[PDB]
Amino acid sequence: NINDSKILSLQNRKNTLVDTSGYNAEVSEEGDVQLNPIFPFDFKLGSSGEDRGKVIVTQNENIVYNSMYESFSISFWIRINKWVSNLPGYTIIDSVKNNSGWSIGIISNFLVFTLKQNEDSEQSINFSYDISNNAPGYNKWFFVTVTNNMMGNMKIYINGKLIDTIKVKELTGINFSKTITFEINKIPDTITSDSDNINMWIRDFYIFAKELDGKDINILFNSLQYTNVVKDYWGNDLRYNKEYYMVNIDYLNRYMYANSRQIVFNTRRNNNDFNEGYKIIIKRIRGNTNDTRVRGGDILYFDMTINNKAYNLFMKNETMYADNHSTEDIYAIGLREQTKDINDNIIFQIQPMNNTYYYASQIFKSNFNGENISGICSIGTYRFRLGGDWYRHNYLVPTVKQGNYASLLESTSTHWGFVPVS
């Protein structure tokens, strides 16, 4: 019943971009347009300038006429290379023939949708990402969805969530264009420097002849998404035998290091970047053998190579010490030496855990067959006598709460992210 209103479905069929909606809108890609052979089969443009990629959809004017002036919806998956917070103006999706139609661009940390009736009048709505928790840029995938009702409201959703809403004003004389041009284009200066190249990834761009509501929007949101495959910090599939930078949503201003075989979290210097720290590799024990992708319920361990040696993360047995609260069933996570024999001591089960504005997961301590989960992974500061320390000192370190860890499932402190190493 929902797809009954779909009038454009730009997708990657062969290794070609086409309109699978049935209205056969013409699709023509120019310059450097990279298509992805593997899911989500996203295509990729850039602000290179050389032969800047430019995809152009030309819909059946008649179907545009009978759909766009009433109510409609635009949705799609998008991603920006290095969406920093200073970024200059850029038009990314444009459907303005003369001085009328609609347009979608990015500015500082904003993604704005615009309805343009004339050169002297517009009406925009936008999404602004939380800079606080996004120092290295908002470089993750997100599902957008814009809804418009001339006789009511114009709104935009990011990942099934309503972000902004507004009443449409008398935009009489507005002229929708049948042409939609995908291409990164810098807006007319005022910033006045030549910044780095940004890439943009697009997937499943759709347009509906009606104003979809939250429910159908989130239905759509999951409709095309492997909710159960865990994703890495940017939204791509999580993989095994791949180097990652494991972080804790509660402390992104920290990186992983280790002391006397004990994993500690230090403050990163390159705040506007995710380098530093020690890396991790996820090793599978039980999961879909045909993949190297991490799925919920999959059993695994983690390898951390330091000097040149590879260690296994593992749950300690020593009792903890902390200035404030108690040691419920708290065990620190440290590094042991690979025993070439899977120690129950290093076994965990991963679970996808995505939030409106980030991609994380939950790691649980389990046995080999995972029919017994004893606790969950967390983080906190505790008293230690590490390398050279004669006196105990506080260290923020990974931990595993056992006993009844049910009380922590709702804590972002158990939310772990994996930033791949570029």
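One-based numbering along the sequence shown.
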Revision key, fill the gap. Going from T190 to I191, the deposited residues skipped in the model number 1 to 3
Exercise for review: Output the stretch having the higher mean C-alpha B factor in the entry; the candidates are 354-362 and 367-375.
Suggested key: 367-375
Practice item. Between 241-249 and 228-236, point out the one with the higher average CA B-factor as the PDB entry records it. Key: 241-249
Point to revise | Most elevated Cα B-factor in the entry, residues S128, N271, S73, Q349 | key: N271
Check your understanding: In the PDB entry, which of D213, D298, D164, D120 has its C-alpha at the highest B-factor?
Key -> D120
Study note, to complete from the structure: Chain thirds by Cα B factor, record data; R254 belongs to the middle
Check your understanding: Once the chain's modelled residues are ordered by C-alpha B factor and cut into thirds, is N139 in the lowest, middle or highest one?
Key -> lowest
Review point. Compared with the other modelled residues in the chain, in which third is the CA B-factor of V419?
Key: middle
Check your understanding: By its CA B factor, does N324 count among the lowest, middle or highest third of the modelled residues in the chain?
Key -> highest
Point to revise | Third of chain Cα B-factors occupied by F113 | key: lowest
